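Trainee:
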Amino acid sequence: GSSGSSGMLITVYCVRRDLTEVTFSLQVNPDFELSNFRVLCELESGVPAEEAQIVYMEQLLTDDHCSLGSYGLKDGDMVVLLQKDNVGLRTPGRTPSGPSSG
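All residue numbers for the sequence shown refer to this note's numbering, where the first residue is 38 and numbers rise by one.
(1) Runs of 4 residues minimum, wholly inside the stretch 64-91: which ones carry the alpha helix (DSSP H) assignment?
(2) Cα-Cα, which of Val-92, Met-94, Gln-64 is closest to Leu-80?
(3) Measuring only the C-alpha atoms, how far is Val-76 from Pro-85?
(4) How should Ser-104 be labelled, buried or exposed, when 16 other C-beta atoms within 10 angstroms of its C-beta is the threshold for buried?
(5) Bridge partners of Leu-46, per DSSP?
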């Protein structure tokens with residue numbers, strides 16, 4: 038089919054992952070939103086973009102709106118993936134309203 042033309046290698050390094058730690062590479066563009074890079078790492082590693090972190094330059098990237106090229110990502114760069122906890126596994130919380138009548 039087709040491949041593309043321009044792109045940059047982005048190495049990801051998972052840590053926590055609930056005891057797993059995985060290391061894989063990805064091929065994206067410099068004009069690719071961070072969120073996009075997450076969905077990818079979320080497709081490879083599996084970590085949820087929501088609970089998917091991206092560390093670069095020693096500083097944690099806290100912007101999904103920002104892009105890769107913007108931050109300063111080039112072909113042959115490496116990043117660390119940190120998995121958070123937001124599965125909220127504490128009883129099935131879900132109930133409608135109803136003050137009157139009890």
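Idealized CB from N, CA, C, for every residue including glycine.
Mentor: According to the structure data:
(1) 71-81
(2) Start at 1 with the first residue of the sequence shown, and residue 80 comes out as number 43. Closest option to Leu-80, Cα to Cα, is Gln-64.
(3) Counting from one through the sequence shown, the residue named residue 76 turns up at place 39. Counting from one through the sequence shown, the residue named residue 85 turns up at place 48. Looking at the two C-alpha atoms, the distance is approximately 8 angstroms.
(4) Residue mapping note: residue 104 aligns to position 67 of the sequence shown, counting from 1. By the 10 Å Cβ count, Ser-104 comes out buried.
(5) Position 9 of the sequence shown, counting from 1, holds the residue named residue 46. Its beta-bridge partners are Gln-64.
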